[PDB]
Amino acid sequence: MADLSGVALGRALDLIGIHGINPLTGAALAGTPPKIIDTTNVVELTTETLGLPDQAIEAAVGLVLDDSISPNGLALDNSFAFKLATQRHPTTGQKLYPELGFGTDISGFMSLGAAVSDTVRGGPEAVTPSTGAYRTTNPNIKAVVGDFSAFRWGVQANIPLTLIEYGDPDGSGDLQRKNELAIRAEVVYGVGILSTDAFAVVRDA
Amino acid sequence: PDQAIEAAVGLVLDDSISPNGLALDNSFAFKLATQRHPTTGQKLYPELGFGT
Amino acid sequence: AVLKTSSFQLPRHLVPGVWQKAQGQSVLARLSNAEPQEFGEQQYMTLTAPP
Amino acid sequence: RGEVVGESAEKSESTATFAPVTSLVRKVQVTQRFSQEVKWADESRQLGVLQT
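Residue numbers (the entry's author numbering), protein chains in the order written: chain A, 105 to 309; chain B, 157 to 208; chain C, 2 to 52; chain D, 53 to 104.
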């Protein structure tokens with residue numbers, strides 16, 4: 105449980121910065137804040153472009169470049185990263201990108217640095233069945249391309265993992281009344297986007 | 157056979173577990189080891205011998 | 002009748018450790034470097050149009 | 053899961069959940085039966101049958 109608290113604070117940076125959602129309930133954050141997926145640089149997968157992941161990444165790069173910004177990074181949904189890594193040559197049937205393995209840990213692709221996670225889909229969080237922002241209509245974000253220097257962030261303050269013994273810290277009822285305990289950790293991120301044009305997304309909707 | 161083994165790894169990864177091993181029926185292991193390149197007709201995996 | 006371990010109702014052995022499915026990590030923490038920041042809103046200067 | 057909170061928004065809880073899983077235990081036996089005359093044949097001729 106102590107270990108799992110830290111990775112939940114880590115994952116939140118992507119749900120905030122990419123999707124603009126509160127990770128717990130999965131609903132959109134209330135201010136309509138700047139989010140990477142605000143970008144009009146969308147490439148939409150049609151049933152013919154679907155099954156060609158590398159051609160979707162290059163199309164998305166091309167939109168960042170004709171906004172006069174040079175991309176340096178790529179983010180992939182781990183499912184689409186597998187579909188890229190296993191992409192077959194359309195007549196010889198060989199793998200196009202054998203160095204990608206099963207696509208679980210793609211460190212770089214084309215000229216770009218890369219990272220891969222389910223958070224790029226919005227994770228399980230965005231489809232939370234009662235309240236998640238994508239539970240009914242889902243913009244299926246497969247990948248994000250951009251100048252990731254244009255997303256600016258840092259840890260402004262941190263509260264390390266600590267034990268709560270008293271009061272009702274979550275609304276469920278008092279800890280001493282119920283002979284319970286809680287552990288809490290917190291972090292506060294500054295986040296800012298210098299242009300939405302610095303980013304393009306690969307999506308299916 | 158290789159695209160079927162690949163397709164099965166895809167299912168384990170989309171359940172968020174990383175597969176480490178493969179178990180083969182000896183008849184299917186032979187069909188894999190003798191699989192031919194679709195335009196050149198050469199063996200894809202000549203290093204597998206008879207697949208035993 | 003023959004005596005069998007069925008009659009003893011023996012408890013199961015607990016095995017150490019927890020089995021877990023892995024969690025996808027932050028992409029933004031790897032694609033964008035963290036800048037040192039003081040607590041509060043930051044402001045950044047942008048060029049809107051060239052001469 | 054993490055939750056995003058305002059300056060005095062009410063903080064909520066989200067906790068790990070666990071479940072156990074259980075083994076079975078299985079006993080396997082092989083028994084092979086032969087005549088005394090086979091043991092004498094094998095050990096006098098060196099047939100190797102009982103080693104196989």
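C-beta atoms are modelled at their ideal positions from N, C-alpha and C, and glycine is treated no differently.
How many Å lie between A:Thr144 and B:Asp158 at the Cα? Each residue's Cα considered, the two are about 40 Å apart.
List, in chain order, every chain A residue whose beta-carbon is nearer than 9 Å to that of D:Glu62. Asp274 and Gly275
Nearest residue (CA-CA) to A:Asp209, options A:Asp181, A:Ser234 and A:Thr195: A:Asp181
Interface residues of chain D facing C:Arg13 [CB-CB closer than 7 Å]: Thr74
Is the Cβ-Cβ distance between A:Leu204 and A:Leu188 less than 8 Å? yes
Measure the CB-CB distance between A:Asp274 and D:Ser75 and report whether it falls below 8 Å. no
Just by C-beta distance, which residues in the stretch 175-187 of chain A are closer than 9 Å to chain B? If the cut-off is 9 Å between Cβ atoms, the stretch 175-187 of chain A has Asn182, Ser183, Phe186 and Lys187 near chain B.
Return no unless some Cβ of chain A is closer than 8 Å to the Cβ of C:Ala30. yes
Whose C-beta lies closer than 6 Å to the C-beta of A:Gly236 among residues of the same chain, with five residues either side of it excluded? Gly130 and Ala230
Would A:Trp257 be called buried (16 or more neighbouring beta carbons within 10 Å of its own) or exposed? By the neighbour-count criterion, in which 16 or more other beta carbons inside 10 Å mark a residue as buried, A:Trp257 falls on the buried side.
Indicate whether at least one CB of chain B lies closer than 8 Å to the CB of C:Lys22. Interface with chain B (8 Å Cβ-Cβ cutoff): C:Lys22 is included.
Can you list the residues of chain E that A:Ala219 reaches, using a CB-CB cut of under 7 Å? Given the protein chain composition of this structure (A, B, C and D), no chain E is represented.
Whose CA, out of C:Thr6, C:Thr47, C:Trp20 and C:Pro51, lies closest to the CA of D:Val77? Of all alpha-carbon atoms in C:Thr6, C:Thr47, C:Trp20 and C:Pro51, the one lying nearest the alpha-carbon of D:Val77 is that of C:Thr6.
Taking 8 Å as the CB-CB limit, is D:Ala68 close to chain A? yes
Count the C-beta pairs between the stretch 159-166 of chain A and the stretch 287-302 of chain A that are closer than 8 Å, then say yes if the count reaches three, no if not. no
Nearest neighbour of C:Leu15, chosen from D:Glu59, D:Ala71, D:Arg53 and D:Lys91 [CA to CA]: D:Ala71
Contact set between the stretch 197-215 of chain A and chain B, restricted to residues whose Cβ is under 7 Å from the partner: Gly197, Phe206 and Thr208
Those residues which DSSP pairs with A:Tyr293 across a bridge: A:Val259
Counting only C-beta atoms, is B:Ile173 closer than 8 Å to chain C at any point? At a cut-off of 8 Å between beta-carbon atoms, B:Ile173 makes contact with chain C.
At what residues does the alpha helix (DSSP H) containing B:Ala185 begin and finish? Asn182 to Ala189
Three-way DSSP call (helix, strand, coil) for A:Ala218 in this model: strand
Would you kindly work out how many angstroms separate the C-alpha atoms of A:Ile120 and C:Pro52, rounded to a whole number? 36 Å
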